[PDB]
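>>> sequence, then structure. It's an experimental one.
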Amino acid sequence: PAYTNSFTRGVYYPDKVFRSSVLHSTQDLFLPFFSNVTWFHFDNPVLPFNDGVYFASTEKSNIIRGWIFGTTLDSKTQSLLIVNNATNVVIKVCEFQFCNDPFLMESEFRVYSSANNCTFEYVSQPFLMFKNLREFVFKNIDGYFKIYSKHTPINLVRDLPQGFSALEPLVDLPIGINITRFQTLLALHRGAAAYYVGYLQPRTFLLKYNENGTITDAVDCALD
Amino acid sequence: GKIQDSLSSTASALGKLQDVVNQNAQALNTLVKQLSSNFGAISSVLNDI
Amino acid sequence: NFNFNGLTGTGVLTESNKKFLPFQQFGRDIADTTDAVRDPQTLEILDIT
Ligand SMILES: *[C@@H]1O[C@H](CO)[C@@H](O)[C@H](O)[C@H]1NC(C)=O
Ligand SMILES: *[C@@H]1O[C@H](CO)[C@@H](O)[C@H](O)[C@H]1NC(C)=O
Ligand SMILES: *[C@@H]1O[C@H](CO)[C@@H](O)[C@H](O)[C@H]1NC(C)=O
Ligand SMILES: *[C@@H]1O[C@H](CO)[C@@H](O)[C@H](O)[C@H]1NC(C)=O
Ligand SMILES: *[C@@H]1O[C@H](CO)[C@@H](O)[C@H](O)[C@H]1NC(C)=O
């Protein structure tokens, strides 16, 4: 429902390789150009992973403050969770439970289900506080989970503007679990905030690096 | 007078003399991509073996 | 005769004019051999010739 035309954004670095002034082609798991994303907005239903998720919360948003990842979302299969407390990020690879709509003198700490059976933790800097557009790319291939963001100000708060956005690796995380279905986090402060979900599959891109060696333009195969 | 002018902006008659560097150059270049070929061995560089 | 994270090899090492990503280790050629590395225990970036 509510098929929104996701135009161009969603390209990312594979990995090692600095080059410059090159016209080079790669082959990984990719998000389609001109694809449709169901618009979301109060309302936050459940989503599956389906081998790759392009998360993009809207600008003029201060609501989404974390994520719950997993396969079953039970106390059996190892789960994953990140929380920004406005000065750090709190990565939990612990075991958790079910909460239908957790959220955040402004109140917090309602969100947590259970803190038993932890496997891994990580602490780093917070990501970032007409706004710098939050974008995230989620994938796990045999353990290595990765972080991607490129935050850019524009108008047109709901609909995605055109342009170009390479996705830059931030935290590579070798966990080694399964991910099939997940849920983001919200913050009910007494509420329809927008975000988008993408999908990856092995299509074929074509990359161009500039003289600085940064992606500026890219095309795919099955478009035309 | 016209013989520089037909060849001034871009004539369609440079052609054979331009690509004869170029198809040679990719023939050089397609020899270079074969270094990164693998042939069922588990590497391309010798040092990984 | 270098050895960076197990990749042996031979060449002359020099400081990089390149700008390296910050998430990275190996710059690789059309020939599919290493051209630019980052030190396994330093943050400096070295061009391999
Ligand atoms: C995306 O949605 C629009 C409008 O619903 C539709 O016209 C278009 O065919 C959809 N894209 C694909 C690939 O089906
Ligand atoms: C945590 O989960 C793992 C699953 O591999 C299990 O082996 C272990 O016994 C669990 N520990 C506790 C304290 O429940
Ligand atoms: C994923 O596949 C199944 C459950 O989906 C399980 O056997 C396997 O351990 C999982 N992979 C991991 C976490 O190594
Ligand atoms: C590379 O980035 C620098 C920093 O802004 C800029 O001055 C330079 O023009 C860029 N290179 C090109 C080819 O635009
Ligand atoms: C290894 O040496 C490097 C120096 O660059 C340092 O980063 C690391 O902490 C050292 N490890 C030790 C002393 O085991």
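Structure received. Residues are numbered from 1 along each chain as shown, chains lettered A, B, ... in the order given. Ligands and ions are numbered 1, 2, ... in the order given.

>>> what does chain A have sitting close to ligand 4?
A:210-212 (CB under 6 Å from any ligand atom). C-beta here means a position set from N, CA and C on the backbone, and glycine is covered the same way.

>>> and the strands in chain C?
Applying DSSP state E to chain C gives strands spanning C:2-4, C:7-9, C:13-15, C:26-28, C:34-38, C:45-48.

>>> return the most buried member of those.
strand C:34-38 (a mean of 21; mean count of other CB atoms under 10 Å in any protein chain shown).

>>> what lines up beside that one in the sheet?
strand C:26-28 (antiparallel), strand C:45-48 (antiparallel) (DSSP bridges).

>>> among the ones you listed, which is nearest ligand 3?
strand C:26-28 (26.9 Å; CB to the nearest ligand atom).

>>> returning to what we had before: redo the strands paired with strand C:34-38 as JSON lines? Include distance to residue A:90.
Shown next, in JSON lines, are the strands paired with strand C:34-38 (distance: least, CB to CB, whole Å):
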{"stretch": "strand C:26-28", "distance to residue A:90": "32"}
{"stretch": "strand C:45-48", "distance to residue A:90": "32"}
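
>>> tell me which residue of chain A lies closest to chain C.
As assessed by CB to the nearest CB, chain C sits closest to residue A:169 within chain A, at 4.1 Å.

>>> top of the residues of chain A next to ligand 4 by neighbour count?
Counting neighbours by other CB atoms under 10 Å in any protein chain shown, residue A:210 comes out on top of the residues of chain A next to ligand 4 with 12 neighbours.

>>> so what's it closest to, chain neighbours aside?
residue A:216 (4.9 Å; CB to CB, 6 or more residues apart in numbering or on different chains).

>>> pretty sure that neighbour belongs to a strand, no?
Yes - the assignment for residue A:216 is a strand, going by DSSP: H, G, I helix; E, B strand; the rest coil.

>>> contacting residues around it?
For residue A:216, the contacting residues are A:164, A:208-210, by CB atoms under 8 Å, 6 or more residues apart in numbering or on different chains.
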